[PDB]
Each structure stands twice: as C-alpha cells, then as structure tokens.
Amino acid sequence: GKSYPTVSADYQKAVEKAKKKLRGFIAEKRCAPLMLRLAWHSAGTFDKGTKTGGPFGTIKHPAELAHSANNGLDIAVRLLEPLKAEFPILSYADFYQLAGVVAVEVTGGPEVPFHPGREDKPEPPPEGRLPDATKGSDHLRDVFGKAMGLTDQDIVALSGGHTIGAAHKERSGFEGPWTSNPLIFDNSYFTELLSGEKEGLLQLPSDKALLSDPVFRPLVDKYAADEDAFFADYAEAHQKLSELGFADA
C-alpha cells in the first residue's frame, strides 16, 4: 500500500551522488552501526493510530536528542552535518534514511530499496515510544505491532540489526558487541543468541525474549541456519521501517 511521490530529476541526481559519498564516509569513519542506530531511532517513533513520529528528520532537533533513549546520537547528527551541507536539496529525513541503507550495504548486508521524497516535519514526537531493552515479547509486539504496524517476522529480522555494533555503558548502560565481527553484516547475531552467553558478548533481555516466544523462536532458528533467508526478510523489514508514515496509499 505505497504510492511514492514524484521528485525532480535534480533531486534524484543528488540521491545518487549522496549514496556514493555516504559509502566512502561511513566506511572510512567506521561508523556504520551508529548510522543504522540513527536511522532506526528516527523511524521507530512512528505511531500509526495518531500518525505522529516516524522518519521525518526530527531527530536532529535538540528536544528529540535530549530523549534519554537517544544518548550518543548527537555524535551521529554532527558527523553527518558537513556532508548534508553538500546536498542542500535533500530532506534530512531522506538523508538519514539513506545513511541507514548505506550502513547495511557497506558492512556486506543486503541492498535495501530506497525511495526518496520524505518531507522534514517541524514537531518531534513525545518521548517514550522506543522499545525498552529490559522488557520482553509483549512489549515488543506493543511497540512494533500496535504502534508501528509491523509483523512478527519484521520484529525478528530487524532485531538482527544487532549483528553490527555494540552497546556502551556511558550511553544505554549495557556494554559490548553482540557478535565477534561487529562491523560485518551477517547472521551471527542469531547463532550467538542460540549458543548462549559467552563472556565478552552482549545479549539484551529484549534479544533473549526472541528465544522463548512460540512465533519468534522458529524465525531465529531459520535465520541462524540460512543467512540468505535472513537477508531477504531483513531487506523487506528495513524498507518498511524506513517508510513508516511515508507514501501510504
């Protein structure tokens, strides 16, 4: 149920050029996980019942960066600002979603389709919509299913975003990477979740919740067995996340 907007040829050209510049920058600075986190924190505030929040460029505002879940993302916004300045025609909304797509590509992940045309909105959403790492399955369905409108499959596939990056005790309080190879986008998140706790590696309560829910667990097992199936489901879920509230039929 998407009807994407028309954008000018100049807009399209800037998208193409920004994608290239983002690849080089993200690779050089080793910041793919942070850019994926930025894209996710931008989009995951959407509430389908009120049509508020979502990937509309608001995360750059001080009021939204002040949300406690957003500890550390001020760094991401500042890192990208000089590059955004080379592409004045793009919305911030598009630019941050494009950075998220590129972060997955450059770490070896699937090619997530991208459609331009998000408009920047003035008003940030209220604090509190992003999921709590200490809660379990019911909470995950309330946030991704009831608020965002994604499926059970999308929840499990998107949790695999933790295959890259790490938590920090100065940001969330949790500490360490989920995988041995935190700059490579692979299915290691799921093989680690299955094999249990291992000193040096993180599992959040929210990650463990996938192991004991009757619907999530068979999807974990599938993605741990079959990286290609993970990639296909991941790309569909990321595209839906990046488009919440946008171009809805």
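All residue numbers refer to positions in the sequence shown, first residue = 1.
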Mean Cα B-factor comparison, 53-61 or 197-205, giving the higher one as deposited: 197-205
Selected stretch [higher average CA B-factor]: 238-246 or 1-9: 1-9
Selection from 86, 81, 127, 94 [criterion: highest C-alpha temperature factor in the record]: 127
Selection from 109, 161, 173, 72 [criterion: highest C-alpha temperature factor in the record]: 72
Position of residue 168 among the chain's modelled residues by C-alpha B-factor, lowest, middle or highest third: lowest
Modelled-residue ranking by C-alpha temperature factor, third containing residue 141: middle
Residue 15 by Cα B-factor - lowest, middle or highest third of the modelled chain: lowest
Ranked C-alpha temperature factor of residue 123 among modelled chain residues, by third: highest
Residue 211 CA temperature factor, ranked by third within the chain: highest
